[PDB]
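Since the structure comes first, as structure tokens, the remarks are kept for the end.
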Amino acid sequence: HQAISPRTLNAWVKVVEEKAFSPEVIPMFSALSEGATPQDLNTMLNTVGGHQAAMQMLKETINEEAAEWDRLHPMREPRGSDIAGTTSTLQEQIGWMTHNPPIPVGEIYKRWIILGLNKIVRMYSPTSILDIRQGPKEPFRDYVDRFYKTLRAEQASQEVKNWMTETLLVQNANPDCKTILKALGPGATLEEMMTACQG
Amino acid sequence: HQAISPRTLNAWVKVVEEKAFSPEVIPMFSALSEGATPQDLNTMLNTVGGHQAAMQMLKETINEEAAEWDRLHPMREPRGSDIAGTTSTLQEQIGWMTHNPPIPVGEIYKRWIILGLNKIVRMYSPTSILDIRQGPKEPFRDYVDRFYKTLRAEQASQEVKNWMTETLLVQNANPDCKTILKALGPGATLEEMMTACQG
Amino acid sequence: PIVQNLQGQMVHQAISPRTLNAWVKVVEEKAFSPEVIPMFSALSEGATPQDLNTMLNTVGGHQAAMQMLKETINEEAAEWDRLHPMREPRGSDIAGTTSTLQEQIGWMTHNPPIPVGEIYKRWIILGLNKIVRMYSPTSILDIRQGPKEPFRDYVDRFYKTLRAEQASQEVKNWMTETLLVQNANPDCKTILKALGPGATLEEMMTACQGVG
Amino acid sequence: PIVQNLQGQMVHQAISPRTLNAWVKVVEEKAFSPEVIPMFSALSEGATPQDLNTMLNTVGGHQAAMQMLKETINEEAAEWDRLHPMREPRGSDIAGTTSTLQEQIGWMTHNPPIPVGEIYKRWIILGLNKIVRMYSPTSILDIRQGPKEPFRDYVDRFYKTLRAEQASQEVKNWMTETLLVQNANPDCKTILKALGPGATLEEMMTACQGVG
Amino acid sequence: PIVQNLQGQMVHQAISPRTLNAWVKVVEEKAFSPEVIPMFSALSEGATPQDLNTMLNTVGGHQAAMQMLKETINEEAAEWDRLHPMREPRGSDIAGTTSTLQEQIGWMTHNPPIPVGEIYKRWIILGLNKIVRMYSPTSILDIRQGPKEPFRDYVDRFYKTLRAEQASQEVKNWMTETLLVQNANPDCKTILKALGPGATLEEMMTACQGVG
């Protein structure tokens, strides 16, 4: 067994602190927590200072997923709470991972954490995408960058996102860009839209 | 035996001096001092520059724990001071950990440090959980953040913490949010409560 | 009541003087609240018709209540004689005005027993229910929670008035479901409505604890 | 109850009318305070399931409380049948709705006795505990000592509310240790904090006598 | 209690349900006034240790009072075992936790009788005295006659507080002699002092009748 690096822990704390709960924190967490035990994941979650409302929401999501795991599955076999790391121990976790075939308790807990963090990101998105409107002289590149950051935050359905990018993206634009976008018409990819709408 | 890394030592000193004494200091210490000998733990504690009142408190609590160990427990078997590393050598400390069987001299001293840090954090918390109260205009998100930071610093049993989580969060809210939370009723979850009290 | 002899024969047991005094205190001090009927049911456990008549002699002091109690007993006796035209108990015999004590004891010891005492007790309870319905100080629609009254006190008053009114069971269910919320004070009424329809009384009381 | 005959045979003893009237007074006048459960335990000493059902007929007047009492009795009967699949007492037999009185008497006189009465009493006490938890006028966090209230009255109110709330034993211990000091008025709270943690209630009451 | 059989054998008599309910009312409604101990002595006449434990189950609802009552019973049991190292009653046997009912009945019917019930009653009374000493709302030095209070009411309050405090007999005599005069209002205090020292309470009350 290898411990998580202090550099990795500091990186996780720093990215969480600076970015709050922007959508990129999920891929950053998945990158930093590769091959991590439930003990390591619990350590990384505990070391986060601030946003304790979000961390409690994550705890409640973990508890709900553990209850679902226990309902689906009524040495000692790993229960849902055992996978969560609250009741298990490091030796048990490593044994479960080393078993052939393995019980990837780390990946299950990571998936639960990812679900909780997606819910946190959706809750913490600053404004709804309907309110993302271009300014009178804001660049179209800046406005569409903001629009797509917000759209990534919402995590709406695929069809809903398609409709949004097709219709609301041009609807919320200022008249100067809006006229050009309607001239391009429906079916235009984003590349074509803003490469024709530049300047 | 490995020497404690300068990067790890600087990280511990920086987190202590920057966060003063917050609840995250306990898991940060547990993560940094993984597989640490009593000499390494003493190095980590002594290297801290400021908060010398808190370090004296931690020394006092370590002394009390060593006295309790001496009372309960009348390669030589180590005494409390021997566990604390005040009257033991590095070779003797690696003894009882490489021994067959090994008694975890490092983990016992780490546990004592954890108890002392728990007391330090409990008192360094600004207000008690019962005294945490939402302001007339405070948003529910920041009120919840303060509440759960204080609960993390509360230093009570887990059942009592669960009761606090279910009751005091609703009880301490301002009437504007208290009415909405009562309409939600018991059985709600923090996501639903925060979405309801967003306004 | 009825008590077995030392040799197994069942013989009449006279109602104790302090039991009668307790019934007198219930009749005189309680002012015909809804709780007189539970207390009448408790004090008259196993009572024969003669004992029941002895108890009714105490409520005989009130002229109107005694009159309606007697008329209701007569009506139920007429119904009994209509359905039921030792000897068979007649309507007046159940009341204990024409029969004799040994006859009542024999009826109560039949195999299967003839529950004459329970029948007369039920008729008396019907009459007492009517008397309680008269003496209710307010109707259910006039019960309103005060601005500062706790919801527990308002619920207790509401259900006491509901017991006094004695409407139909479906009407009673509708009343407890809807009129309880309607008559609550606005701050409590908001939470009651927010709970939604079909909420159990436990949910309403837990949600509204300390709101007043 | 159960009473021995003159020749040694154990036979059912009917619950006295004034005992039932006392239970009725507890149910009707006390408004489901925490003290109803001690009084129910006292009045139902040695009671059989039939006697317990007779007592429950009086609290049957309140619809909500009766409903939850019946549902809790049903739940505990289901648990009993789960663990326990003359004849063996079934869940409905313990309640006294399907069994017969002689069967209950025989169960209570077994060697060793089958404590059917105590079991049904415990189920009823669970239901009454739930009913008391509903009717509590305030939660424990809302009990606060007044500026002039003596600490004895505040402690009595606090422990009454604690009995009404019925939290976990560890949570209850934490509450009496901490929340009692927290909710005390400032002049009394100063002495409570100065006493330090772990102080017994006797120390708190003796130190705070006359402070208010 | 204990009751003789029809053939002369002494057998255990169960404590009546309404006696237990009376004890429950004393425990719950009286708030541990000094009068609970006379009432406990009255209600527990002839009680066996099992009956006493049944009565203590009702005061078990209060955690602190039950804890000190149990610890005082344990202390007196330890003293009994120290002085006293069928079979001899042990300390736990007097409490009725280890012994059996027939053993207690046999002890109470010995020639001369072994007063186990009175011993356990005395231990319980010691514990109740301690509990009453805690719950006293004011100390004896804080009892002061009001400007308009009659001397009879002030004397009654003073002696109630004296019973609650339970000081030494010599200290109690000094208190009733001196502190009663000291705390009286000035117009009554003048007459009390003019009566001189050693005046009986009858003289003080007769002289001060109507002064307030």
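Basis: the model, the stated rules and, where named, an outside source; these are not laboratory values. Using ideal geometry, Cβ is built from the backbone for each residue, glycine included, and neighbour counts are taken over all protein chains shown.
Taking region B:68-103 as the range and being closer than 24 Å to B:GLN2 by Cβ and of a type in the set (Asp, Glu) as the test, the residues that pass are B:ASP82, B:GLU92. Only residues that are loosely packed, with under 13 Cβ neighbours inside 10 Å and within 12 Å of E:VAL155 (Cβ to Cβ): list them for region E:177-205, please. Matches in region E:177-205: E:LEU201, E:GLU202. If you go through region D:39-67 and keep only what is crowded, with 19+ Cβ neighbours inside 10 Å and among the hydrophobic types (A, V, I, L, M, F, W, C), you end up with D:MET39, D:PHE40, D:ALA42, D:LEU43, D:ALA47, D:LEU52, D:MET55, D:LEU56, D:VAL59, D:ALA65.
Does D:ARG157 fit the bill of being under 20 Å from D:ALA207 (Cα atoms) and either assigned to a helix (DSSP H, G or I) or away from chain B (no Cβ under 14 Å) (or both)? Against the criterion (under 20 Å from D:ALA207 (Cα atoms) and either assigned to a helix (DSSP H, G or I) or away from chain B (no Cβ under 14 Å) (or both)), D:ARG157 qualifies. Considering region D:137-154, the residues that are at the interface with another protein chain (Cβ under 7 Å from one of its Cβ atoms) and within 22 Å of B:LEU168 (Cβ to Cβ) include one that is surrounded by the fewest Cβ atoms within 10 Å (Cβ to Cβ), namely D:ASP142.
In this entry, A:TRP163 is excluded by the filter for residues that are in the same structural domain as A:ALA20 (by CATH) and within 23 Å of the chain's Cα centre (by Cα). The residues of region C:160-170 that are within 12 Å of another protein chain (Cβ to nearest Cβ) and not aliphatic (A, V, I, L, M), listed by number, are C:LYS160, C:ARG163, C:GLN166, C:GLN169. Could you tell me which numbered condition D:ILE73 fails, if it satisfies all but one of (1) within 13 Å of another protein chain (Cβ to nearest Cβ); (2) farther than 23 Å from C:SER41 by Cα; (3) surrounded by 18 or more Cβ atoms within 10 Å (Cβ to Cβ)? All conditions are met except number (1). Here B:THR165 passes the criteria (1) β-branched (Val, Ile, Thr); (2) under 22 Å from B:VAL16 (Cα atoms); (3) within 9 Å of another protein chain (Cβ to nearest Cβ) except the one numbered (2).
Of all residues in region B:121-140, those satisfying the criterion of being surrounded by 21 or more Cβ atoms within 10 Å (Cβ to Cβ) and outside any loop (DSSP other than H, G, I, E, B) are B:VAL121, B:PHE140.
Here is a yes/no grid of residues against (1) out of contact with any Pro (no Cβ under 7 Å at 6 or more places or on another chain); (2) more than 11 Å from every other protein chain (Cβ to nearest Cβ); (3) assigned to a helix (DSSP H, G or I):
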position	(1), (2), (3)
C:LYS172	yes, no, yes
C:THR178	yes, yes, yes
C:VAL181	yes, yes, yes
C:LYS189	yes, yes, yes
C:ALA194	yes, no, yes
C:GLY198	yes, yes, no
C:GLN209	yes, no, no
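Taking region E:23-68 as the range and being of a type in the set (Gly, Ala, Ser) and within 27 Å of D:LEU201 (Cα to Cα) as the test, the residues that pass are E:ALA31, E:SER33, E:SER41, E:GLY60, E:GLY61, E:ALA64, E:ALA65. Filter region B:125-160 down to the residues that are more than 19 Å from B:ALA20 (Cβ to Cβ), at the interface with another protein chain (Cβ under 7 Å from one of its Cβ atoms) and within 22 Å of the chain's Cα centre (by Cα) and list them by number. Scanning region B:125-160 gives B:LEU130, B:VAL144, B:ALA156, B:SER157, B:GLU159, B:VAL160.
Going through (1) buried (at least 19 other Cβ atoms within 10 Å of the Cβ); (2) under 30 Å from C:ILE2 (Cβ atoms); (3) aliphatic (A, V, I, L, M) one by one, C:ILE105 falls short only on (1). Taking D:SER33 as the residue in question, decide whether it is surrounded by 23 or more Cβ atoms within 10 Å (Cβ to Cβ), within 14 Å of chain E (Cβ to nearest Cβ) and among the polar types (S, T, N, Q). Answer is no for this residue.
Listed here are the residues, each with its yes/no results for (1) within 11 Å of chain C (Cβ to nearest Cβ); (2) more than 16 Å from the chain's Cα centre (by Cα); (3) among the β-branched types (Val, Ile, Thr).
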residue	(1), (2), (3)
D:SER16	yes, yes, no
D:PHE40	no, no, no
D:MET55	yes, no, no
D:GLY60	yes, yes, no
D:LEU69	no, no, no
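Summed over region B:67-91, residues that are surrounded by 11 or more Cβ atoms within 10 Å (Cβ to Cβ) and assigned to a loop (DSSP other than H, G, I, E, B) total 9.
Screening D:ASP93 on (1) within 14 Å of chain E (Cβ to nearest Cβ); (2) touching a helix residue (DSSP H, G or I) at 6+ places or on another chain (Cβ under 8 Å); (3) acidic (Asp, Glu) shows it passes everything except condition (1). For D:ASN185, the conditions (1) within 8 Å of another protein chain (Cβ to nearest Cβ); (2) closer than 24 Å to B:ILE132 by Cβ; (3) touching a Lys or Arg at 6+ places or on another chain (Cβ under 9 Å) are fulfilled apart from (1).
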